[PDB]
Structure formats: C-alpha cells, structure tokens
Protein chains: 2
Amino acid sequence: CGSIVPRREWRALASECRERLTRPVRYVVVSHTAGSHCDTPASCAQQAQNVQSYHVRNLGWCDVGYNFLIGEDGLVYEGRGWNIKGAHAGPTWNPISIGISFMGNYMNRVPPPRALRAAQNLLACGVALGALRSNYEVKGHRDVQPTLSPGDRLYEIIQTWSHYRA
Amino acid sequence: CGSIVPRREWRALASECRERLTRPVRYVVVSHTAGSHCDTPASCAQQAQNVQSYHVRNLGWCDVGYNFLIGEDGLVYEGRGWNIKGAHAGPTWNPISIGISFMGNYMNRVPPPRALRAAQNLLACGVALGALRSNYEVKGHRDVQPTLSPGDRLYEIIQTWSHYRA
Ligand SMILES: [Cl-]
C-alpha cells in the first residue's frame, strides 16, 4: 500500500502491545529518533532493530514506541502500525495520533527527498485504507512535547506541508 | 499516488519521446534489464542512468525504453511514466501496455521482497490514477516476445500475481 517493510523483514521482536487506536486517527506527530542515520535497506533494518531494542530491552516498552519509522533509504519501517497506540508524544497525544519517526538526528541535516516522499506516501496510504482522517493534521514532536525532535532542519520542512498545523 | 524517484533525482537525460498512450491502459509487461543489480538508492540511481544511456546512446531511442524501473533498493525509478508509449515489448505491445523492468538478471536470483512490493504498489497507484484499468492484466516479457526476460526466478513469481494472465 505504501511499500512498508514489515516487522519480520527488519527482524523485529514480537510486540506485546494491546491498547488500540480509535481509527480514523486525526493527528500525525513527526519525530526524529535522535539515533544513527542509515541510507541502505541493510543499514535501516539494523537501525529499526537498534531503536526497538532500546525501547523494549532498556525502557521495558511493549514494542518500538513509533507507529512507523522512515529511513534515509526512502523506505517506511512498520512499527506499532495503524491500529495500536504508540509511545512517542507522551500521554495526551499517544492515544489520538500516529507517530512517524525519521531515523537520525536532523538538527543540522535534512532527510533526503526520498525519505520525505516515503512519509507523504505513508500518510496518503493511511487515508487510503481509512487509518487516518481525510483532513488529518501533522504536528512536530516539539509542538506537543518539550524536545528538539524532529530537529531544526526537518521541523522547517514539515512546517511547509499542506497538512501541517502549528 | 505512491513514491517514485523522479527523472531529475536519478539525473535522467531529457526525454525526446512524444507518442502518448491511451488511458486507461489494459496491459502491464514485466521485464528484467539482464544488467547489474543495485540495492542502495545511490547505486540504483546510477544503474537507472546506465540503462537509459544504453537505450538512448547505443540503441538510438528517444528515452529509457521502460515506463518505470524497479531497484532492489525497493524504490521505483521514473522512466517514460504513465502517459508516454515505451520501447520494451515490440511494435504490437509497446502501443497498448505499461512496461516495468526490474534492474538485474532474475534467471538465478529472485528480486528481494521490497523490489516486489515496490512493483505491486506502483500498479495500484496506476489504477488509483486512472492510468491503468481496474482489471489490468500483467504479462511476462517472454509471454509477448521471444526472450528470457524477465528471467525464470521473477517469471515464476509474477505468475503468482492476482492480475497475471498468460
Ligand atoms: Cl510502555
């Protein structure tokens, strides 16, 4: 639908998450992982594994906190997906939003156009299959939480999206 | 609809092609390039460049022969696009079909799943866009010309596709 790398394909741990999103979801929060960057399918599968591993092993979460991840390889990586409440924007925003995270620190870098396309494609695919509302609003992670996520450069770009609302 | 690496991004020569297809197109013909494979955006852009180079510079065509190329990087590379007649299946099929080529040789190799997902998603976007019929039919290159394209491993795969008609 949006050429999503399925969890099994990036060697993900089984989720234990039970809490469900009330589709059709109104909000999208854009974060960065503030993790390593990756620009090949091989490297970006490993980074998704690395991110999930911190969340599950270290923070003791039911799964990677993000609904989806974006690599500089220009592929979307399935996280908790369309139906399961995320852990990415704190308790107010988690239950009423889909969290997508660009894999990297984008304070002093931009994602490549292909990473940006993958995210816009993902969200359309969201609306297409009825997971996101037609009129969904995109928010920066820093617009709902005290953080520099998604990074100054990435935040500047998402500000220009037709669906962005400060 | 969907994510596609635009011509400018893989540094395509300007097309000189003028003949248009009639929407909606009924047939998709799946080929392999029988060339080098690539599994990173950087290598797959270069490879799209190399295929265009052979077609334009050596064969004397107006553009890369295919409507779209599939990389093992999991990205779709824009060729002639949805509206412009290609040069991939000969004078009887070129006027009535969309030509998509997997970059590589699939005689012994199967394309990775992300290359296969990129291909199927592209076709759904063609239907979404009105470029392809809802009831479009998928052909192997070898079903419409005397060739080994799209290679035995890939051919075996596209025969499993819901829209595949020998
Ligand atoms: Cl938790």
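Here the Cβ positions follow ideal geometry from the backbone for every residue, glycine too, while neighbour counts run over all protein chains shown. FYI, it's all coordinate maths here, none of it is from the lab.
Across peptide B:1-10, the mean count of Cβ atoms from other chains lying within 10 Å of each residue's own Cβ comes to 4. Note on A:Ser36 and B:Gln120: their simple-model spin labels are 3.1 nm apart, each label 7 Å out from Cα toward Cβ.
Of the residues A:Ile70, A:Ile100, A:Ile84, the one that moves most in a GNM of chain A with alpha-carbon contacts below 10 Å is A:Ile84. The radius of gyration of the Cα set in the protein assembly as shown, together with its Dmax, comes out at 20.6, 63 angstrom.
Taking label points 7 Å from Cα along the Cα-to-Cβ direction, A:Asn83 and A:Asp152 give a separation of 4.3 nm. Highest average first, the peptides A:3-9, A:108-114 ordered by how many other beta carbon atoms sit within 10 Å of their residues are A:3-9, A:108-114. With its label point defined 7 Å out from Cα along the Cα-to-Cβ axis, A:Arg26 lies at 4.9 nm from the matching points of the other copies, in increasing order.
With an 8 Å cut-off on Cα pairs and a minimum separation of 6 or more residues, tell me the relative contact order of chain B in percent.
30 percent
In a DSSP loop and with at most 16 other Cβ atoms within 10 Å, the trypsin sites (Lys or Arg not before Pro) in region B:17-68 are B:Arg18. Taking amide H atoms as placed 1.01 Å from N in the peptide plane, the amide H of B:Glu137 lies under 5 Å from those of B:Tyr27, B:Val28, each 5 or more residues away in sequence or on another chain.
Largest GNM mean-square fluctuation across B:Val51, B:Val30, B:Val64, computed for chain B with C-alpha springs under 10 Å, falls on B:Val51. Comparing A:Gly74, A:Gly90, A:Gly140 in a Gaussian network model of chain A where C-alpha atoms under 10 Å apart are linked, the largest mean-square fluctuation is found at A:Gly90. Above 19 angstrom, tally the Cα pairs of chain B and express them as a % of all pairs, no decimals. Value for chain B (Cα pairs over 19 Å): 49 percent.
Taking θ as phi - 60° and the Karplus parameters 6.51, -1.76 and 1.60, the scalar couplings of region B:31-44 work out to 10, 10, 6, 6, x, 4, 8, 7, 9, 10, x, 5, 5, 6 Hz in sequence order, x denoting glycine and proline. Coupling constants for region A:47-52 follow from the phi torsions by the Karplus curve (6.51 cos²θ - 1.76 cosθ + 1.60, θ = phi - 60°), and in residue order they are 5, 4, 3, 3, 5, 4 Hz; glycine and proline get x. The distance between label points at A:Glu137 and B:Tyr54 comes to 5.2 nm (points 7 Å beyond Cα on the Cα→Cβ vector). Sorted from shortest to longest, the distances between the A:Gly130 label points of this copy and the other copies are 2.5 nm, with each point 7 Å from Cα along the line through the beta carbon. Helix-only arithmetic for chain B: the sum of -39500 (n - 2.57) across DSSP H runs with n ≥ 4, divided by the residue total, places the mean residue ellipticity at 222 nm at -7500 deg cm²/dmol.
In nanometers and ordered shortest first, the copy-to-copy spacing of the A:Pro113 label point, defined 7 Å from Cα toward Cβ, is 3.0.
Axis between B and A by rotation; chain B residue with nearest Cβ and distance in whole Å recorded as B:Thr40, 2.
Between rounded, prolate and oblate, where does region B:24-76 land on the alpha carbon gyration tensor, with a ≥ b ≥ c its root eigenvalues, rounded for a/c under 1.5, else prolate if a/b exceeds b/c? Because a/c hits 1.5 or more and a/b fails to exceed b/c, region B:24-76 counts as oblate. The phi torsions of region B:65-81, fed into the Karplus equation with coefficients 6.51, -1.76 and 1.60 and a -60° offset, translate into couplings of x, 8, 5, 7, 10, 10, x, 6, 5, x, 10, 8, 9, 5, x, 5, x Hz, rounded to whole numbers, with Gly and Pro shown as x.
For A:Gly104, the residues whose modelled amide H falls within less than 5 Å of its own, excluding neighbours fewer than 5 places apart on the same chain, are A:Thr33, A:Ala34, A:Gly35.
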